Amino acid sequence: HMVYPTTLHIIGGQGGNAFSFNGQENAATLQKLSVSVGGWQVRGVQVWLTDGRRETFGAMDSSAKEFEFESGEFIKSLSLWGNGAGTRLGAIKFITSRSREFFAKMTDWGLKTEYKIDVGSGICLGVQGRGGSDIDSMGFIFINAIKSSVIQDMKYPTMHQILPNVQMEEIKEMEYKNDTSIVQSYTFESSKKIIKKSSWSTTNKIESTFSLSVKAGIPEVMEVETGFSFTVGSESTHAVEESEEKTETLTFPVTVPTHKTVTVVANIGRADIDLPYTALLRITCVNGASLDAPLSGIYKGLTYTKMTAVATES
């Protein structure tokens, strides 16, 4: 027997035309809902997803009430009601993870049959059902309970067509003066705090709805003596926005000839990276099923080269 990444339980009658308003392809989720009610039915629904899509089913009128989800707010419980003849959706009730409540119901016919819905993870991808003058039937599309949410298959498609802009900064300067007839030897040492940074842009509130990690390598700069080029480092796990603090070091012996001066300057290169990326968001459920949604965005990073030094004789 087979398992599924979504769960959908439709309540109501058999009439109307099919509709499906589903953010599954890009993992856009339910942001806002507005419901019109009549005497013996839900007349209409208007729905907004987090990618800006918006649509209306059935008929909407001045009786409409709405509910807008806050970022990070999901559904804890949901009930749908038939209208009692069993021919229309009768009412919608849910309670969120922040204990806010929404309830829209037919006015005249007293609320008859309550169906308590399995909301899965509580993360709603939209609605599906049948409508015509009214909402004949409807259910909420939920992602099943989630085990992980990981952005992967990372690509930087314009990377090898673009040159890094490596800016050199001085870190330390020291001078050694040998006024003797014996060649001298000194130890040069230098250090610098650097902060590497990585940022992959996200949209449609996926960063607040899901707990995102990125399984990818980071764009790095690579020293050729033709100049510099981009490559992608070792692959690992990252937060969507991450910084890594480090102390870079450099030490070496300095040989100072008789009756001469040696001046040593230590440098490092710094590169700001701005690159488009494509990737895949994979949401894996507790039941083992999964859902993939293509992503596109921009990567902003800050990286550094190794410390180097120039020794000049005078």
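Residue numbers here begin at 1 and follow the sequence given.
In this entry, 110 to 118 has the higher mean Cα B-factor, the comparison being between 110 to 118 and 96 to 104. Here the stretch with the larger average CA B-factor, out of 229 to 237 and 164 to 172, is 229 to 237. Taking only the listed residues 145, 206, 194, 218, the entry reports the highest CA temperature factor at 218.
Compared with the other modelled residues of the chain, the Cα B-factor recorded for residue 73 ranks in the middle third.
Ranked against the other modelled residues of its chain, the C-alpha B-factor of residue 39 as given in the entry falls in the highest third.
Ranked within its chain, residue 180 lands in the middle third, by CA B factor from the PDB record.
Among all modelled residues in its chain, residue 288 ranks in the lowest third by Cα B-factor. Ranked by C-alpha B-factor against the other modelled residues of its chain, residue 158 falls in the highest third.
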